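First up is the structure itself, then whatever we jot down about it.
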Amino acid sequence: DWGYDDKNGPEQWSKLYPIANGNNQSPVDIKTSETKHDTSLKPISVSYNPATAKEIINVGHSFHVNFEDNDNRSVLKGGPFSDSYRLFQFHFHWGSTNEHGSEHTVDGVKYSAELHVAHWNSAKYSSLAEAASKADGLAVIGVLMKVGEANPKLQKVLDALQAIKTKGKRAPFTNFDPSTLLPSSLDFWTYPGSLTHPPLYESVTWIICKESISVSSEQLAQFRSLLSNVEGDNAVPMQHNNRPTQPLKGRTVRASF
Ligand SMILES: Cc1ccc(C)c(NC(=O)Nc2cc(S(N)(=O)=O)ccc2O)c1
Ligand SMILES: [Zn+2]
């Protein structure tokens with residue numbers, strides 16, 4: 001059992017998960033003076049089918065929007081990949097206040113939230129369960145979210161939260177293309193990393209967008225409005241779910257720009 005509280009939070013994660021102190025841990029601080037431009041990086045190509053949208057689930061520490069991943073209807077290609085990767089999920093991370101909330105930071109700057117759009121290597125592997133722990137198994141697009149104007153594209157997601165207010169609650173969530181949440185420029189950083197929460201597998205090639213997306217202070221309050229408790233128990237709001245940044249351990253962050 002793990003979380004983002006005092007006793008079960010990021011600090012204690014190595015007790016159950018020793019890879020927490022590994023050499024390919026996420027998230028990281030992207031230092032733009034220390035990044036290395038790479039001319040071999042292809043553009044990011046996302047092509048999602050809105051019909052693959054499936055379900056929204058309250059997982060206690062966060063909420064997930066899951067996607068049907070039986071075929072290649074919704075794929076990521078390009079960037080640093082020769083393989084095609086299949087969309088399975090998106091979710092968010094946020095903080096207790098507007099001051100923090102993102103997982104990744106750029107030149108020490110914390111943003112208010114972060115969108116993760118996650119994919120698995122369907123070219124090399126047969127399932128998410130198989131891919132999830134492979135070095136080249138996962139591809140996650142990270143988009144930093146800056147507090148400002150209300151993001152209208154965020155609407156269908158925020159509206160759906162009313163149906164999944166407490167832990168374990170789930171509801172159908174259909175006909176949504178999550179590339180509509182992505183910024184207009186897909187200029188990016190890329191580095192070898194991990195899942196940002198248990199089980200923390202070093203299976204993720206991160207794609208971090210240069211361009212942020214907006215979110216209002218009230219849209220953030222909707223995230224924090226979700227409850228970590230089961231129905232009938234007294235309310236425990238999901239205040240924050242971001243992991244602190246991790247030492248790069250000689251890894252190199254590549255820029256596409
Ligand atoms: C037990 C187990 C096995 C396999 C996976 C994928 C998980 N992961 C999750 O529950 N969430 C998650 C976190 C990230 S993130 N925050 O690192 O971008 C990306 C994709 C996600 O699915 C857990
Ligand atoms: Zn995440």
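Atoms within each ligand, like the ligands themselves, are counted from 1 in listed order. Heavy-atom basis, side chains included; hydrogens, waters and symmetry copies ignored. Residue numbers start at 1 and run along the sequence shown.
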Please tabulate, one pair per line, all N/O donor-acceptor pairs under 3.5 Å involving side-chain atoms of residues 191-200, not counting sequence neighbours.
unit_1: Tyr191; atom_1: OH; unit_2: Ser26; atom_2: OG; d: 2.8
unit_1: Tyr191; atom_1: OH; unit_2: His104; atom_2: NE2; d: 2.7
unit_1: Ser194; atom_1: OG; unit_2: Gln25; atom_2: NE2; d: 3.4
unit_1: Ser194; atom_1: OG; unit_2: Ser26; atom_2: N; d: 2.9
unit_1: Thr196; atom_1: OG1; unit_2: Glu103; atom_2: OE1; d: 2.7

Given the rule in the side chain to side chain donor-acceptor pair (under 3.5 Å) test, do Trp94 and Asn241 qualify, once you have shown the distances and angles that lead to the verdict? CA-CA 6 Å; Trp94 55 91; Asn241 59 15; 4.7 Å; no
Note: [X]-[Y] ion pair, threshold 4.0 Å (strictly below):
X      : Y     : answer
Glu68  : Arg73 : yes
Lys7   : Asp5  : no
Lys124 : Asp83 : no

With 2.8 Å as the limit, jot down which protein N, O or S atoms are around the Zn ion (ligand 2). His91 NE2, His93 NE2, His116 ND1
Decide whether the shortest distance between a heavy atom of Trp206 and an atom of ligand 1 is less than 4.0 Å.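 Heavy atoms of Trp206 do come under 4.0 Å of ligand 1.
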Let me see the working for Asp107 and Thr32 under side chain to side chain donor-acceptor pair (under 3.5 Å), right down to the final yes or no. CA-CA 6 Å; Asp107 297 308; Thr32 50; 2.6 Å; yes
Indicate, as side chain, backbone, both or neither, the part of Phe88 found under 4.0 angstrom from ligand 1 when only non-hydrogen atoms are considered. side chain
Which is it for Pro199 and ligand 1 at heavy atoms under 4.0 Å: side chain, backbone, both or neither?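 Looking at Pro199 and ligand 1, just side chain atoms fall under 4.0 Å.
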Students often mix this up, so state it plainly: with edges at 30° and 60°, are the rings of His240 and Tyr4 parallel, tilted or perpendicular?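 Perpendicular: the ring planes of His240 and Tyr4 meet at over 60°.
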Can you classify the ring geometry of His64 versus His91 as parallel (below 30°), tilted (30 to 60°) or perpendicular (above 60°)?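 Rings of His64 and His91: tilted, as their planes differ by 30° to 60°.
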Using a 4.0 Å cutoff against the non-hydrogen atoms of [X], which atoms of ligand 1 qualify?
X      : answer
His64  : 10 (O), 11 (N)
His116 : 15 (S), 16 (N), 18 (O)
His93  : 16 (N)

Quick one: nearest non-hydrogen protein atom to [atom], plus distance?
atom                    : value
atom 15 (S) of ligand 1 : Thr196 OG1, 3.7 Å
atom 5 (C) of ligand 1  : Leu195 CD1, 4.2 Å
atom 8 (N) of ligand 1  : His197 CE1, 3.9 Å
atom 19 (C) of ligand 1 : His91 CE1, 3.5 Å
atom 4 (C) of ligand 1  : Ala132 CB, 4.0 Å

A cation-pi test, strictly: NZ or CZ of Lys134 under 6.0 Å from the centre of the six-membered ring of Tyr201 and no more than 45 degrees from its axis. Yes or no?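 Cation-pi check for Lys134 and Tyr201: fails.
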If you take the nearest heavy atom of each of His119, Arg243, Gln89, which one is closest to atom 22 (O) of ligand 1?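 Considering heavy atoms of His119, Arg243, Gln89, the nearest to atom 22 (O) of ligand 1 sits in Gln89.
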Please name all residues satisfying salt bridge (charged side-chain N to carboxylate O under 4.0 Å, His left out) with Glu55, sequence neighbours left out, ordered by chain then number.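 Scan of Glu55 (salt bridge (charged side-chain N to carboxylate O under 4.0 Å, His left out), adjacent residues dropped) gives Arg170.
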With sequence neighbours excluded, residues passing salt bridge (charged side-chain N to carboxylate O under 4.0 Å, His left out) with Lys249: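 None.
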Residue pair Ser74, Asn49: steps toward the side chain to side chain donor-acceptor pair (under 3.5 Å) verdict: CA-CA 5 Å; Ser74 302; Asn49 189 328; 5.8 Å; no
